[PDB]
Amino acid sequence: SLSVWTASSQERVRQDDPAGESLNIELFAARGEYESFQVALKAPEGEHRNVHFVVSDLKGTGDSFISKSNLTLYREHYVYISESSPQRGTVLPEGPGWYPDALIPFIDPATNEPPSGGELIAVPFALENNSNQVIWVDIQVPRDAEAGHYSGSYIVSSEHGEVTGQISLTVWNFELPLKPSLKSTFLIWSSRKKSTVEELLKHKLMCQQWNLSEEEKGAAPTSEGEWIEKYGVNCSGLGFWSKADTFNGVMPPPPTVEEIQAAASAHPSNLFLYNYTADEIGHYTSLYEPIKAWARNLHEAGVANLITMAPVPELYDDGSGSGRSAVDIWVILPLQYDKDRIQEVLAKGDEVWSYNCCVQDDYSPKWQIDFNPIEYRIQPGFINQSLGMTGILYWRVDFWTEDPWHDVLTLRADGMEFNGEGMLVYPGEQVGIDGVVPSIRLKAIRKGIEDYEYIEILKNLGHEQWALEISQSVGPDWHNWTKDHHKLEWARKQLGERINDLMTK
C-alpha cells in the first residue's frame, strides 16, 4: 500500500501527517523563475524497502518542450529538535519534534551525476511504517521558454508499487531578470569554496566573505565578472570593517579616498558598490561624527555606506554640503521599524533593508527551523515591498554544529536555544559531495526574492499602487502578515496574471 500526495512549496509535511487528497500539481511561473512542489509518501501497511523516483520532460503544444534537465530533485532529511526556540507572543515555534530541512541531492552539481559513497543517499530509499518520506522538486523555467501550458509526470516505484502523478505548468509571457532587483548581503564565515558562493547565487542571494584572515583580506575578486554573467550579481562590498559593534563603541579614522578607490577598481565596472562599515552601534551617539567622516570618504569614491542601524536625523547629512545621508543603506530589524523616519530617508534617496535573527519580539516573522516555513519567504518579498525596503541582510549562512546533519541547535545564549540560527546550507560530506547543499528555508528565501521581483516589474510598468494594494493584503507590515501559504499563492497569482496580460497586449 503506497499512499502518495503533493504539497505546495511553503507547506511543511510532518513525518506523521495524514495523506492529502491530490497526487497532481498545478503551477504557474515566468521565464527565469523557479517553482517547486513536494511529493509526500506513506506506507500505511508494511514497508517499502527500495523506493525510486523519476520525472519526465514537460511537453506543451506543438514543439514546445522543457527538458527534465531543468528539474532538480532532493529527498528531504528530517532533523530532531529537542529544545524549542524561544516562545513569546503570538508567533510561536511548533514544538520539539522532527522537522524536514536539509535537502539530499539526487545529483552532485560538480559532476551532473548521482553521488556515490555518501552516508545519506537520496534514492533508492526505504519507506517505513507510518513515517512519511518527502521528495522536493524544483522546476526552473528556461529564459526562452514559450508561453503556454506544459504537462509531465513523476513516477514513484518500489518492489510492490508504482504510482504516477501529473505535473501541470503554465508559463506566463514575462521574464524575471537574471540580476535580482532585491539586493542582499549574506555572510560566509568558514566555507571558502567557490561552490558555497555559487549555491547562494543560484538561490538569488549575494554573499560576502567574513571573518577573513589578515592574509586573505584584500584578495582580488577574481570570479566576480564570471558571476555577474552567470548569476546576475547585483552588488559587492569593499570590506573596510571599522570593528565597531554592539560590544565595541569605538571607531577609527576612515581609509583614505585613495585606498577606497583602489579597492573599488579591483571590482568589475557597472557594479553597485557598498561598504559594511559597522554593526548594531545605534546606542553609541559618540560615533555620529566618525560615521560622517567615513561617509564623506566613501562618497568621494562613489561607494555606498551600509550600517545595521535605524535612521536617525543626526545622520541625514554627511557634512560634505551635498545633503547626502551619512548612511546610504540603513539595515533594520522588524522591531526597529519607524514609519516616519523610514519615509524621511526614502524621500531623500536612501535605501532601507531588513535583517532578522534570534526571537526578539512577539509579532515579526522569525528565522528558525521550528517556525512556520512561510516566515523565510514573506520577509524578502511582500513585507519588504509593502514597506519600501529594497534589500535583505543575514549575519551568517554556515554556522554548523559539530554534527550538522543531526544537531541544528546552532546557538545557545541567555537561557535560550536557537534552531538554525546562522545556518541555511549543510555540508556535502554526509551525502558524498564536496560542496554544500541547500535547506528548505533557503528555497523559501529564493521564492521571496522572486515575489519581490513580481512587484518590482509592476512598479516598472507604471503599476506601483496596484501592486502594493495586493502586497498590503497579505504582508502590510511586521505585525500583520498572513500565516497561510494559500493566501500568499493567491496574491502571487494575481500579480503574475496581471503582468502576463500587460505583456500580451
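Throughout, we count residues from 1 along the sequence that is shown.
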query: Mean C-alpha temperature factor, higher of 39 to 47 and 456 to 464; finding: 39 to 47
query: Of 436 to 444 and 52 to 60, the one with larger mean CA B-factor; finding: 52 to 60
query: C-alpha B-factor winner, where the candidates are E76, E351, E198, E214; finding: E214
query: Deposited CA B-factor, highest of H203, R412, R377, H406; finding: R412
query: Position of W189 among the chain's modelled residues by C-alpha B-factor, lowest, middle or highest third; finding: middle
query: Record-listed C-alpha B factor of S157: chain third; finding: middle
query: CA B-factor placement of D328, once the chain's modelled residues are sorted into thirds; finding: middle
query: CA B-factor placement of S1, once the chain's modelled residues are sorted into thirds; finding: highest
query: Ranked C-alpha temperature factor of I121 among modelled chain residues, by third; finding: middle
